[PDB]
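*Asks:* Here you go, query-v1.cif (mmCIF, C-alpha atoms and all ligand atoms):
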data_start
#
loop_
_atom_site.group_PDB
_atom_site.id
_atom_site.type_symbol
_atom_site.label_atom_id
_atom_site.label_comp_id
_atom_site.auth_asym_id
_atom_site.auth_seq_id
_atom_site.Cartn_x
_atom_site.Cartn_y
_atom_site.Cartn_z
ATOM 1 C CA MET A 1 136.384 61.996 4.848
ATOM 2 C CA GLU A 2 135.680 62.774 8.557
ATOM 3 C CA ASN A 3 131.993 63.217 7.703
ATOM 4 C CA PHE A 4 132.047 59.579 6.588
ATOM 5 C CA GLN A 5 132.977 56.225 8.074
ATOM 6 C CA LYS A 6 134.980 54.424 5.388
ATOM 7 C CA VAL A 7 133.486 50.934 5.274
ATOM 8 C CA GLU A 8 135.623 49.455 2.507
ATOM 9 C CA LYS A 9 137.638 50.214 -0.611
ATOM 10 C CA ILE A 10 135.621 49.164 -3.659
ATOM 11 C CA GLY A 11 137.859 50.204 -6.551
ATOM 12 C CA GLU A 12 140.538 52.471 -7.953
ATOM 13 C CA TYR A 15 140.409 59.120 -11.687
ATOM 14 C CA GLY A 16 140.997 58.013 -8.135
ATOM 15 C CA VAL A 17 139.922 55.701 -5.374
ATOM 16 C CA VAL A 18 136.300 54.944 -4.477
ATOM 17 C CA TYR A 19 135.122 53.720 -1.069
ATOM 18 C CA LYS A 20 131.941 52.316 0.407
ATOM 19 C CA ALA A 21 131.273 54.922 3.103
ATOM 20 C CA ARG A 22 128.577 55.603 5.692
ATOM 21 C CA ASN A 23 127.305 59.130 6.411
ATOM 22 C CA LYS A 24 127.985 59.486 10.187
ATOM 23 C CA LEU A 25 124.746 61.434 10.858
ATOM 24 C CA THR A 26 122.160 60.115 8.339
ATOM 25 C CA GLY A 27 123.511 56.536 8.182
ATOM 26 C CA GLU A 28 123.221 56.564 4.353
ATOM 27 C CA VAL A 29 125.633 54.063 2.767
ATOM 28 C CA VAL A 30 127.188 55.586 -0.385
ATOM 29 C CA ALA A 31 130.032 55.317 -2.883
ATOM 30 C CA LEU A 32 132.642 57.994 -2.173
ATOM 31 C CA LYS A 33 134.856 58.890 -5.129
ATOM 32 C CA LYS A 34 138.031 60.847 -4.178
ATOM 33 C CA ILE A 35 139.688 62.656 -7.121
ATOM 34 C CA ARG A 36 143.082 64.330 -6.526
ATOM 35 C CA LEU A 37 143.707 67.405 -8.752
ATOM 36 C CA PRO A 45 136.764 75.457 -12.689
ATOM 37 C CA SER A 46 133.392 77.256 -12.351
ATOM 38 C CA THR A 47 132.065 75.462 -15.483
ATOM 39 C CA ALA A 48 133.383 72.095 -14.233
ATOM 40 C CA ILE A 49 131.749 72.479 -10.760
ATOM 41 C CA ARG A 50 128.559 73.909 -12.312
ATOM 42 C CA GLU A 51 128.231 71.328 -15.122
ATOM 43 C CA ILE A 52 128.861 68.397 -12.695
ATOM 44 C CA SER A 53 126.383 69.903 -10.192
ATOM 45 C CA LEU A 54 123.583 69.974 -12.877
ATOM 46 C CA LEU A 55 123.847 66.119 -13.014
ATOM 47 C CA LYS A 56 122.501 65.846 -9.384
ATOM 48 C CA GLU A 57 118.981 66.842 -10.665
ATOM 49 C CA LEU A 58 119.371 64.972 -13.979
ATOM 50 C CA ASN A 59 118.327 61.441 -13.037
ATOM 51 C CA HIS A 60 117.315 58.247 -14.824
ATOM 52 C CA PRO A 61 116.736 54.744 -13.381
ATOM 53 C CA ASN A 62 119.622 53.279 -15.497
ATOM 54 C CA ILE A 63 122.117 55.940 -14.330
ATOM 55 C CA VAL A 64 123.955 55.988 -10.968
ATOM 56 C CA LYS A 65 122.683 58.908 -8.877
ATOM 57 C CA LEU A 66 125.210 61.655 -8.080
ATOM 58 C CA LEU A 67 124.272 62.706 -4.500
ATOM 59 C CA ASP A 68 126.873 65.441 -3.777
ATOM 60 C CA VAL A 69 129.954 67.287 -5.117
ATOM 61 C CA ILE A 70 132.673 68.683 -2.745
ATOM 62 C CA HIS A 71 135.868 70.476 -3.922
ATOM 63 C CA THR A 72 138.624 71.732 -1.585
ATOM 64 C CA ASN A 74 143.375 70.065 -4.288
ATOM 65 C CA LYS A 75 140.659 67.377 -4.341
ATOM 66 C CA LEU A 76 137.242 66.690 -5.876
ATOM 67 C CA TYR A 77 134.879 64.389 -3.984
ATOM 68 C CA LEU A 78 131.858 62.853 -5.670
ATOM 69 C CA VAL A 79 129.245 61.055 -3.574
ATOM 70 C CA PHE A 80 127.219 58.443 -5.454
ATOM 71 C CA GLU A 81 124.456 56.037 -4.595
ATOM 72 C CA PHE A 82 125.919 52.650 -3.650
ATOM 73 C CA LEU A 83 125.203 49.345 -5.394
ATOM 74 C CA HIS A 84 126.707 46.080 -4.200
ATOM 75 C CA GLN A 85 127.797 44.497 -7.473
ATOM 76 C CA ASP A 86 128.882 45.248 -11.020
ATOM 77 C CA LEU A 87 128.544 43.389 -14.298
ATOM 78 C CA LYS A 88 132.210 42.337 -14.367
ATOM 79 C CA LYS A 89 131.842 40.504 -11.056
ATOM 80 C CA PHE A 90 128.523 39.039 -12.173
ATOM 81 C CA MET A 91 129.989 37.854 -15.497
ATOM 82 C CA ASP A 92 132.876 36.152 -13.673
ATOM 83 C CA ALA A 93 130.404 34.529 -11.281
ATOM 84 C CA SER A 94 128.269 33.341 -14.220
ATOM 85 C CA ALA A 95 131.148 32.120 -16.393
ATOM 86 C CA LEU A 96 130.566 28.370 -16.061
ATOM 87 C CA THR A 97 126.858 28.656 -16.897
ATOM 88 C CA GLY A 98 126.624 31.937 -18.798
ATOM 89 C CA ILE A 99 124.108 34.691 -18.098
ATOM 90 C CA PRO A 100 120.619 33.603 -19.275
ATOM 91 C CA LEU A 101 119.625 35.268 -22.529
ATOM 92 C CA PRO A 102 116.511 36.960 -21.038
ATOM 93 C CA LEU A 103 118.821 38.619 -18.495
ATOM 94 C CA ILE A 104 121.400 39.574 -21.151
ATOM 95 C CA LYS A 105 118.512 41.076 -23.141
ATOM 96 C CA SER A 106 117.134 42.947 -20.114
ATOM 97 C CA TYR A 107 120.562 44.332 -19.199
ATOM 98 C CA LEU A 108 121.274 45.457 -22.788
ATOM 99 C CA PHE A 109 117.818 47.072 -23.041
ATOM 100 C CA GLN A 110 118.339 48.996 -19.784
ATOM 101 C CA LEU A 111 121.833 50.226 -20.688
ATOM 102 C CA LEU A 112 120.533 51.502 -24.030
ATOM 103 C CA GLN A 113 117.753 53.315 -22.157
ATOM 104 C CA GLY A 114 120.369 54.954 -19.933
ATOM 105 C CA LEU A 115 122.554 55.870 -22.909
ATOM 106 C CA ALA A 116 119.569 57.185 -24.883
ATOM 107 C CA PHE A 117 118.824 59.404 -21.875
ATOM 108 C CA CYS A 118 122.260 60.900 -21.332
ATOM 109 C CA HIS A 119 122.890 61.137 -25.096
ATOM 110 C CA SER A 120 119.630 63.109 -25.400
ATOM 111 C CA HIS A 121 121.222 65.525 -22.884
ATOM 112 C CA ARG A 122 124.482 65.687 -24.900
ATOM 113 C CA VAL A 123 126.380 63.747 -22.198
ATOM 114 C CA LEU A 124 128.752 60.975 -23.311
ATOM 115 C CA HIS A 125 130.086 58.239 -21.069
ATOM 116 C CA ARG A 126 133.273 57.571 -23.128
ATOM 117 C CA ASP A 127 134.553 54.679 -20.987
ATOM 118 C CA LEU A 128 131.919 51.952 -20.700
ATOM 119 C CA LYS A 129 133.325 48.708 -19.259
ATOM 120 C CA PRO A 130 131.651 45.798 -17.438
ATOM 121 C CA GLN A 131 133.178 46.948 -14.149
ATOM 122 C CA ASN A 132 131.430 50.352 -14.443
ATOM 123 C CA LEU A 133 127.941 48.808 -14.827
ATOM 124 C CA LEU A 134 126.225 48.489 -11.432
ATOM 125 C CA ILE A 135 123.523 45.899 -10.716
ATOM 126 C CA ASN A 136 121.133 45.283 -7.823
ATOM 127 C CA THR A 137 118.855 42.484 -6.568
ATOM 128 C CA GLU A 138 115.847 44.039 -8.345
ATOM 129 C CA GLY A 139 117.144 43.270 -11.853
ATOM 130 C CA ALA A 140 118.324 46.806 -12.591
ATOM 131 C CA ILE A 141 121.614 47.863 -14.149
ATOM 132 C CA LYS A 142 123.003 51.403 -14.044
ATOM 133 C CA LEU A 143 125.688 53.356 -15.896
ATOM 134 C CA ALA A 144 128.465 54.470 -13.536
ATOM 135 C CA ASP A 145 131.994 55.878 -13.571
ATOM 136 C CA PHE A 146 131.453 58.341 -16.401
ATOM 137 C CA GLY A 147 134.668 59.416 -18.096
ATOM 138 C CA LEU A 148 133.642 63.073 -17.923
ATOM 139 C CA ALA A 149 136.643 64.759 -16.275
ATOM 140 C CA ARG A 150 138.441 65.747 -19.489
ATOM 141 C CA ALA A 151 135.232 66.964 -21.155
ATOM 142 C CA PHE A 152 134.199 69.005 -18.104
ATOM 143 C CA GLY A 153 137.738 70.359 -17.756
ATOM 144 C CA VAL A 154 138.799 68.792 -14.446
ATOM 145 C CA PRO A 155 142.607 68.758 -13.865
ATOM 146 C CA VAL A 156 142.878 65.193 -12.602
ATOM 147 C CA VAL A 163 146.930 50.540 -16.617
ATOM 148 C CA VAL A 164 143.948 51.601 -18.733
ATOM 149 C CA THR A 165 141.729 48.967 -20.349
ATOM 150 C CA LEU A 166 141.275 49.581 -24.082
ATOM 151 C CA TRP A 167 139.089 46.544 -24.829
ATOM 152 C CA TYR A 168 135.898 48.562 -25.288
ATOM 153 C CA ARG A 169 137.359 51.598 -27.134
ATOM 154 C CA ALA A 170 135.691 52.681 -30.389
ATOM 155 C CA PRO A 171 137.988 52.556 -33.445
ATOM 156 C CA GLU A 172 137.596 56.292 -34.122
ATOM 157 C CA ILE A 173 139.041 56.979 -30.669
ATOM 158 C CA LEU A 174 142.001 54.664 -31.269
ATOM 159 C CA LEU A 175 142.628 56.361 -34.632
ATOM 160 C CA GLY A 176 142.955 59.837 -33.076
ATOM 161 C CA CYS A 177 139.578 61.479 -33.718
ATOM 162 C CA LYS A 178 139.457 64.474 -31.397
ATOM 163 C CA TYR A 179 135.656 64.871 -31.511
ATOM 164 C CA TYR A 180 133.881 61.802 -30.120
ATOM 165 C CA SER A 181 130.196 61.368 -30.847
ATOM 166 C CA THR A 182 127.558 59.388 -28.978
ATOM 167 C CA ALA A 183 128.610 56.486 -31.248
ATOM 168 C CA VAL A 184 131.671 55.641 -29.133
ATOM 169 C CA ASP A 185 129.335 54.490 -26.318
ATOM 170 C CA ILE A 186 127.315 52.291 -28.676
ATOM 171 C CA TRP A 187 130.549 50.607 -29.770
ATOM 172 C CA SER A 188 131.615 49.901 -26.181
ATOM 173 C CA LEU A 189 128.157 48.600 -25.358
ATOM 174 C CA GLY A 190 128.322 46.369 -28.426
ATOM 175 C CA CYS A 191 131.585 44.877 -27.128
ATOM 176 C CA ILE A 192 130.002 44.280 -23.698
ATOM 177 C CA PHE A 193 126.937 42.617 -25.291
ATOM 178 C CA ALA A 194 129.208 40.210 -27.189
ATOM 179 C CA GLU A 195 131.099 39.445 -23.974
ATOM 180 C CA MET A 196 127.902 38.633 -22.060
ATOM 181 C CA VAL A 197 126.918 36.200 -24.829
ATOM 182 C CA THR A 198 130.222 34.407 -25.417
ATOM 183 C CA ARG A 199 131.776 34.832 -21.940
ATOM 184 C CA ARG A 200 135.028 36.022 -23.535
ATOM 185 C CA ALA A 201 136.144 39.600 -24.124
ATOM 186 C CA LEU A 202 135.580 40.449 -27.776
ATOM 187 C CA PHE A 203 138.687 42.607 -28.396
ATOM 188 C CA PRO A 204 141.207 42.128 -25.545
ATOM 189 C CA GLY A 205 144.073 44.318 -26.766
ATOM 190 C CA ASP A 206 146.989 45.452 -24.590
ATOM 191 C CA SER A 207 148.085 48.499 -26.631
ATOM 192 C CA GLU A 208 146.220 50.971 -28.819
ATOM 193 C CA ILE A 209 147.702 49.429 -31.955
ATOM 194 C CA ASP A 210 147.120 45.888 -30.683
ATOM 195 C CA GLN A 211 143.532 46.873 -29.872
ATOM 196 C CA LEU A 212 143.065 48.311 -33.354
ATOM 197 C CA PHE A 213 144.511 45.233 -35.076
ATOM 198 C CA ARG A 214 142.393 42.846 -33.010
ATOM 199 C CA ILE A 215 139.377 44.809 -34.281
ATOM 200 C CA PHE A 216 140.749 44.761 -37.836
ATOM 201 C CA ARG A 217 141.424 41.025 -37.766
ATOM 202 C CA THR A 218 137.795 40.306 -36.867
ATOM 203 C CA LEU A 219 135.796 42.973 -38.737
ATOM 204 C CA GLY A 220 138.274 43.522 -41.572
ATOM 205 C CA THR A 221 140.637 46.412 -42.038
ATOM 206 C CA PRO A 222 138.299 49.382 -42.662
ATOM 207 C CA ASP A 223 138.524 51.342 -45.894
ATOM 208 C CA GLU A 224 136.836 54.250 -47.646
ATOM 209 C CA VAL A 225 134.102 51.892 -48.875
ATOM 210 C CA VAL A 226 132.778 50.942 -45.435
ATOM 211 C CA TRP A 227 134.147 53.991 -43.546
ATOM 212 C CA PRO A 228 134.467 57.164 -45.635
ATOM 213 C CA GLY A 229 137.145 59.421 -44.220
ATOM 214 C CA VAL A 230 138.925 56.591 -42.397
ATOM 215 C CA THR A 231 142.153 57.110 -44.355
ATOM 216 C CA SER A 232 142.185 60.748 -43.166
ATOM 217 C CA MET A 233 142.015 59.929 -39.457
ATOM 218 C CA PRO A 234 144.971 61.425 -37.534
ATOM 219 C CA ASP A 235 146.563 58.063 -36.635
ATOM 220 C CA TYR A 236 145.639 56.157 -39.780
ATOM 221 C CA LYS A 237 148.635 54.696 -41.641
ATOM 222 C CA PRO A 238 148.478 53.357 -45.234
ATOM 223 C CA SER A 239 150.811 50.640 -43.967
ATOM 224 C CA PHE A 240 148.046 49.107 -41.813
ATOM 225 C CA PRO A 241 147.802 45.423 -42.828
ATOM 226 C CA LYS A 242 144.670 44.649 -44.843
ATOM 227 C CA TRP A 243 142.754 41.862 -43.084
ATOM 228 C CA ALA A 244 139.596 40.428 -44.600
ATOM 229 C CA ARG A 245 136.385 40.663 -42.618
ATOM 230 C CA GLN A 246 135.678 37.432 -40.765
ATOM 231 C CA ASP A 247 132.421 35.555 -41.122
ATOM 232 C CA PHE A 248 130.240 37.399 -38.591
ATOM 233 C CA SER A 249 128.726 34.047 -37.550
ATOM 234 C CA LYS A 250 132.043 33.222 -35.847
ATOM 235 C CA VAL A 251 131.760 36.255 -33.584
ATOM 236 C CA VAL A 252 128.954 35.527 -31.093
ATOM 237 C CA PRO A 253 128.098 32.055 -32.438
ATOM 238 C CA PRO A 254 125.134 30.816 -30.372
ATOM 239 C CA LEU A 255 123.319 34.164 -30.683
ATOM 240 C CA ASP A 256 120.270 34.259 -32.938
ATOM 241 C CA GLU A 257 120.008 36.452 -36.028
ATOM 242 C CA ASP A 258 118.036 39.140 -34.147
ATOM 243 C CA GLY A 259 120.902 39.514 -31.671
ATOM 244 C CA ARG A 260 123.617 39.200 -34.325
ATOM 245 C CA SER A 261 121.915 41.809 -36.512
ATOM 246 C CA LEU A 262 121.710 44.253 -33.608
ATOM 247 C CA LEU A 263 125.343 43.574 -32.702
ATOM 248 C CA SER A 264 126.559 44.189 -36.273
ATOM 249 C CA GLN A 265 124.809 47.583 -36.281
ATOM 250 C CA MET A 266 126.418 48.439 -32.937
ATOM 251 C CA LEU A 267 129.845 47.571 -34.381
ATOM 252 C CA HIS A 268 129.614 49.550 -37.635
ATOM 253 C CA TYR A 269 132.997 51.106 -38.382
ATOM 254 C CA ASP A 270 131.502 54.382 -39.600
ATOM 255 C CA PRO A 271 130.246 56.316 -36.528
ATOM 256 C CA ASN A 272 127.595 57.844 -38.818
ATOM 257 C CA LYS A 273 126.161 54.429 -39.682
ATOM 258 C CA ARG A 274 126.455 53.001 -36.153
ATOM 259 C CA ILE A 275 123.004 52.541 -34.635
ATOM 260 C CA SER A 276 121.842 55.084 -32.066
ATOM 261 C CA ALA A 277 120.717 54.064 -28.591
ATOM 262 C CA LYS A 278 117.125 55.118 -29.325
ATOM 263 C CA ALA A 279 117.012 53.224 -32.617
ATOM 264 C CA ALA A 280 118.582 50.152 -30.999
ATOM 265 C CA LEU A 281 115.720 50.128 -28.478
ATOM 266 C CA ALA A 282 113.303 49.567 -31.392
ATOM 267 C CA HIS A 283 115.286 46.681 -32.836
ATOM 268 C CA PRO A 284 113.331 43.378 -33.156
ATOM 269 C CA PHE A 285 115.754 41.756 -30.691
ATOM 270 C CA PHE A 286 113.876 43.520 -27.891
ATOM 271 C CA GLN A 287 110.336 42.500 -28.876
ATOM 272 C CA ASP A 288 110.200 39.842 -26.119
ATOM 273 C CA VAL A 289 112.352 41.667 -23.548
ATOM 274 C CA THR A 290 111.493 41.060 -19.872
ATOM 275 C CA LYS A 291 113.050 42.012 -16.523
ATOM 276 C CA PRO A 292 114.343 38.849 -14.820
ATOM 277 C CA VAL A 293 115.999 39.062 -11.421
ATOM 278 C CA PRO A 294 119.632 37.879 -11.184
ATOM 279 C CA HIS A 295 121.037 35.411 -8.652
ATOM 280 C CA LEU A 296 123.339 37.657 -6.616
ATOM 281 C CA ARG A 297 125.661 36.491 -3.866
ATOM 282 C CA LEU A 298 126.601 39.571 -1.875
HETATM 283 O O1 LIG B 301 130.683 58.882 -12.747
HETATM 284 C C1 LIG B 301 131.629 59.650 -12.429
HETATM 285 O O2 LIG B 301 132.639 59.179 -11.826
HETATM 286 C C2 LIG B 301 131.548 61.125 -12.776
HETATM 287 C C3 LIG B 301 132.707 61.881 -12.817
HETATM 288 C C4 LIG B 301 132.653 63.226 -13.140
HETATM 289 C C5 LIG B 301 133.933 64.035 -13.163
HETATM 290 F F1 LIG B 301 134.970 63.209 -13.321
HETATM 291 F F2 LIG B 301 133.911 64.936 -14.159
HETATM 292 F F3 LIG B 301 134.076 64.652 -11.990
HETATM 293 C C6 LIG B 301 131.440 63.834 -13.431
HETATM 294 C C7 LIG B 301 130.275 63.077 -13.404
HETATM 295 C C8 LIG B 301 130.333 61.729 -13.077
HETATM 296 N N1 LIG B 301 129.137 60.977 -13.056
HETATM 297 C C9 LIG B 301 127.903 61.555 -13.500
HETATM 298 C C10 LIG B 301 126.758 60.582 -13.266
HETATM 299 C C11 LIG B 301 125.426 61.168 -13.703
HETATM 300 C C12 LIG B 301 124.402 61.563 -12.850
HETATM 301 N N2 LIG B 301 123.401 62.022 -13.603
HETATM 302 C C13 LIG B 301 123.724 61.953 -14.938
HETATM 303 C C14 LIG B 301 122.996 62.324 -16.100
HETATM 304 C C15 LIG B 301 123.558 62.140 -17.360
HETATM 305 C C16 LIG B 301 124.846 61.603 -17.470
HETATM 306 C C17 LIG B 301 125.565 61.236 -16.324
HETATM 307 C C18 LIG B 301 124.993 61.422 -15.044
#
Take the structure from the file and write it as structure tokens.
*Replies:*
Amino acid sequence: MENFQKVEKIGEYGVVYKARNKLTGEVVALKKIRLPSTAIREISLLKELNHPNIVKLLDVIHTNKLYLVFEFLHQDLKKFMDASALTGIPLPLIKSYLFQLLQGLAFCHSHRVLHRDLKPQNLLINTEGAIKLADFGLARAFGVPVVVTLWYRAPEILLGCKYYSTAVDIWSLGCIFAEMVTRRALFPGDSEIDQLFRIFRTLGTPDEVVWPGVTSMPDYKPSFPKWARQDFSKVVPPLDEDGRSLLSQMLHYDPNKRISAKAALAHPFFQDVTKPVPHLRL
């Protein structure tokens, strides 16, 4: 604030505004977070850690409040999916978007940085056909003393695992992939247990056979109902076997069997990937 002309509120960690630097004229995304050396330092390292599929962090300012200045993009995937709901996003664009998000995840995962909260609304898109990871859920992990959507949460998170791996981002991205294809949210739960049971009713209640150690998870209960796995061809029906195969590997219960971002990039689904340009109304 005061160094910036607030153009518009663009979302609610805190509130984010489209703002214009009063001197340079740069239009940016200003994230205001209401509230440590490691936190400030570790966040500040991200300014020089850049990738084309990751939102650029331009500046960090801390005074009771933490301000993060990001590059600005006009639209996100949630808006674009709503706009495309009658026709669906064309498969070459779905494929390009999935490819780029896996590139961004492979990058930050190779730097031991997890996103933890991937959702369509956090995925920024531009007129050039790019998509970028934004709104990283990094405050808790960096140690920042700061209704939540659970639809994209990995099952190990919902079952109380305290140590997330990179696999929780692959799960979320798998859910988003399915949603681009079918134009319906895959697992739209409204409570942690409702989220978990929606997952169980589709993929089957997990057990020690498919997920060793599942019955030892902190929030696992032997009284969980035992649902059979559904025919996976019901899940994303129109999608071809290349896409379905990739999706099933992204939705493995066992985080140790869930495909990595780098390995997913080599999957045969991406052999004909291109970079179409979307039809964006701004
Ligand atoms: O996205 C946010 O809101 C956000 C919030 C916080 C916190 F809440 F802790 F303050 C910290 C970082 C954030 N983004 C980083 C974006 C980024 C830039 N370069 C990267 C390289 C690898 C991985 C991520 C990045």
*Asks:* Hey, what's within 12 Å of residue 210 of chain A if we count only C-alpha atoms and toss same-chain stuff fewer than 5 positions away? As a VMD selection string, please?
*Replies:* chain A and resid 166 to 167 169 171 174 203 to 205 215 to 217 240
*Asks:* Residues as selected, C-alpha atoms, written as a PDB file, in the frame of the given file, can you do that?
*Replies:*
ATOM      1  CA  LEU A 166     141.275  49.581 -24.082  1.00  0.00           C
ATOM      2  CA  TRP A 167     139.089  46.544 -24.829  1.00  0.00           C
ATOM      3  CA  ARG A 169     137.359  51.598 -27.134  1.00  0.00           C
ATOM      4  CA  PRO A 171     137.988  52.556 -33.445  1.00  0.00           C
ATOM      5  CA  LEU A 174     142.001  54.664 -31.269  1.00  0.00           C
ATOM      6  CA  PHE A 203     138.687  42.607 -28.396  1.00  0.00           C
ATOM      7  CA  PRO A 204     141.207  42.128 -25.545  1.00  0.00           C
ATOM      8  CA  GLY A 205     144.073  44.318 -26.766  1.00  0.00           C
ATOM      9  CA  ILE A 215     139.377  44.809 -34.281  1.00  0.00           C
ATOM     10  CA  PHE A 216     140.749  44.761 -37.836  1.00  0.00           C
ATOM     11  CA  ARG A 217     141.424  41.025 -37.766  1.00  0.00           C
ATOM     12  CA  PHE A 240     148.046  49.107 -41.813  1.00  0.00           C
TER      13      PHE A 240
END
*Asks:* Select all residues near (115.1, 38.3, -20.8) (cut-off 9 Å, inclusive, file coordinates), counting only C-alpha atoms, and output them as a compact mmCIF listing (two decimals) with C-alpha atoms, in the coordinates of the input.
*Replies:*
# COMPACT_ATOMS: atom_id res chain seq x y z
CA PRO A 100 120.62 33.60 -19.27
CA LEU A 101 119.62 35.27 -22.53
CA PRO A 102 116.51 36.96 -21.04
CA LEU A 103 118.82 38.62 -18.50
CA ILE A 104 121.40 39.57 -21.15
CA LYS A 105 118.51 41.08 -23.14
CA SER A 106 117.13 42.95 -20.11
CA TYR A 107 120.56 44.33 -19.20
CA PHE A 286 113.88 43.52 -27.89
CA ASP A 288 110.20 39.84 -26.12
CA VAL A 289 112.35 41.67 -23.55
CA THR A 290 111.49 41.06 -19.87
CA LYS A 291 113.05 42.01 -16.52
CA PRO A 292 114.34 38.85 -14.82
*Asks:* Residues at most 6 Å from ligand LIG 301 (chain B), using only C-alpha atoms and all ligand atoms? Could they come as JSON, numbers by chain?
*Replies:* {"A": [52, 55, 56, 58, 59, 64, 65, 66, 118, 123, 144, 145, 146, 148, 149, 152]}
*Asks:* Up to 8 Å from (126.8, 43.6, -31.1) in the file's coordinates: name the residues, counting only C-alpha atoms, as a PyMOL selection string.
*Replies:* chain A and resi 189-191+193-194+259-267
*Asks:* Which residues, written as an NGL selection string, have at least one atom at most 7 Å from residue 63 of chain A, with only C-alpha atoms counted and residues fewer than 6 positions away on the same chain left out?
*Replies:* :A and (114 or 142-144)
*Asks:* Could you list, with a cut-off of 12 Å and counting all atoms listed in the file, the residues of segment 104-147 of chain A near segment 268-278 of chain A, each shown with its nearest atom pair and the distance in Å rounded to one decimal, rows sorted by chain and ascending number, as JSON lines?
*Replies:*
{"residue": "A:108", "atom": "CA", "partner": "A:277", "partner_atom": "CA", "distance": 10.4}
{"residue": "A:109", "atom": "CA", "partner": "A:277", "partner_atom": "CA", "distance": 9.4}
{"residue": "A:110", "atom": "CA", "partner": "A:277", "partner_atom": "CA", "distance": 10.4}
{"residue": "A:111", "atom": "CA", "partner": "A:277", "partner_atom": "CA", "distance": 8.9}
{"residue": "A:112", "atom": "CA", "partner": "A:277", "partner_atom": "CA", "distance": 5.2}
{"residue": "A:113", "atom": "CA", "partner": "A:277", "partner_atom": "CA", "distance": 7.1}
{"residue": "A:114", "atom": "CA", "partner": "A:277", "partner_atom": "CA", "distance": 8.7}
{"residue": "A:115", "atom": "CA", "partner": "A:277", "partner_atom": "CA", "distance": 6.2}
{"residue": "A:116", "atom": "CA", "partner": "A:277", "partner_atom": "CA", "distance": 5.0}
{"residue": "A:117", "atom": "CA", "partner": "A:278", "partner_atom": "CA", "distance": 8.8}
{"residue": "A:118", "atom": "CA", "partner": "A:277", "partner_atom": "CA", "distance": 10.1}
{"residue": "A:119", "atom": "CA", "partner": "A:277", "partner_atom": "CA", "distance": 8.2}
{"residue": "A:120", "atom": "CA", "partner": "A:278", "partner_atom": "CA", "distance": 9.2}
{"residue": "A:124", "atom": "CA", "partner": "A:277", "partner_atom": "CA", "distance": 11.8}
*Asks:* How many Å separate atom CA of residue 24 of chain A from atom CA of residue 79 of chain A?
*Replies:*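 A separation of 13.9 Å between them.
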*Asks:* To test your reading of the syntax: which residues would the PyMOL selection byres (((chain A and resi 176) around 12) and not hetatm) return for the file shown? Reply as a ChimeraX atom specification.
*Replies:* /A:169-175,177-180,208-209,212,230-237
*Asks:* State, in Å with one decimal place, the distance from atom CA of residue 125 of chain A to atom CA of residue 218 of chain A.
*Replies:*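 Separating atom CA of residue 125 of chain A from atom CA of residue 218 of chain A is a distance of 25.1 Å.
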*Asks:* Is it possible to get the axis-aligned box enclosing segment 228-243 of chain A (all listed atoms, 3 Å extra per side) as lines of an AutoDock Vina configuration file, with centre and edge lengths in Å rounded to one decimal?
*Replies:*
center_x = 142.6
center_y = 51.6
center_z = -41.1
size_x = 22.3
size_y = 25.6
size_z = 15.0
*Asks:* Atom CA of residue 95 of chain A and atom CA of residue 195 of chain A, how far apart in Å?
*Replies:*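 It comes out at 10.5 Å.
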*Asks:* Might you spell out which residues the PyMOL selection byres (((chain A and resi 25) around 12) and not hetatm) would select in the displayed file, as a PDB file with C-alpha atoms, keeping the file's coordinate frame?
*Replies:*
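Listing of part27.pdb after writing:
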ATOM      1  CA  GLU A   2     135.680  62.774   8.557  1.00  0.00           C
ATOM      2  CA  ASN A   3     131.993  63.217   7.703  1.00  0.00           C
ATOM      3  CA  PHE A   4     132.047  59.579   6.588  1.00  0.00           C
ATOM      4  CA  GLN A   5     132.977  56.225   8.074  1.00  0.00           C
ATOM      5  CA  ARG A  22     128.577  55.603   5.692  1.00  0.00           C
ATOM      6  CA  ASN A  23     127.305  59.130   6.411  1.00  0.00           C
ATOM      7  CA  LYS A  24     127.985  59.486  10.187  1.00  0.00           C
ATOM      8  CA  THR A  26     122.160  60.115   8.339  1.00  0.00           C
ATOM      9  CA  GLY A  27     123.511  56.536   8.182  1.00  0.00           C
ATOM     10  CA  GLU A  28     123.221  56.564   4.353  1.00  0.00           C
ATOM     11  CA  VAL A  29     125.633  54.063   2.767  1.00  0.00           C
TER      12      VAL A  29
END
*Asks:* List the residues selected by the PyMOL selection byres (((chain A and resi 252) around 10) and not hetatm) in the file shown, writing them as a PDB file with C-alpha atoms, in the frame of the given file.
*Replies:*
ATOM      1  CA  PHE A 193     126.937  42.617 -25.291  1.00  0.00           C
ATOM      2  CA  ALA A 194     129.208  40.210 -27.189  1.00  0.00           C
ATOM      3  CA  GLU A 195     131.099  39.445 -23.974  1.00  0.00           C
ATOM      4  CA  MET A 196     127.902  38.633 -22.060  1.00  0.00           C
ATOM      5  CA  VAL A 197     126.918  36.200 -24.829  1.00  0.00           C
ATOM      6  CA  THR A 198     130.222  34.407 -25.417  1.00  0.00           C
ATOM      7  CA  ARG A 199     131.776  34.832 -21.940  1.00  0.00           C
ATOM      8  CA  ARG A 200     135.028  36.022 -23.535  1.00  0.00           C
ATOM      9  CA  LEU A 202     135.580  40.449 -27.776  1.00  0.00           C
ATOM     10  CA  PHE A 248     130.240  37.399 -38.591  1.00  0.00           C
ATOM     11  CA  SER A 249     128.726  34.047 -37.550  1.00  0.00           C
ATOM     12  CA  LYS A 250     132.043  33.222 -35.847  1.00  0.00           C
ATOM     13  CA  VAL A 251     131.760  36.255 -33.584  1.00  0.00           C
ATOM     14  CA  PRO A 253     128.098  32.055 -32.438  1.00  0.00           C
ATOM     15  CA  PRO A 254     125.134  30.816 -30.372  1.00  0.00           C
ATOM     16  CA  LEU A 255     123.319  34.164 -30.683  1.00  0.00           C
ATOM     17  CA  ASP A 256     120.270  34.259 -32.938  1.00  0.00           C
ATOM     18  CA  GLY A 259     120.902  39.514 -31.671  1.00  0.00           C
ATOM     19  CA  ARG A 260     123.617  39.200 -34.325  1.00  0.00           C
ATOM     20  CA  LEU A 263     125.343  43.574 -32.702  1.00  0.00           C
TER      21      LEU A 263
END
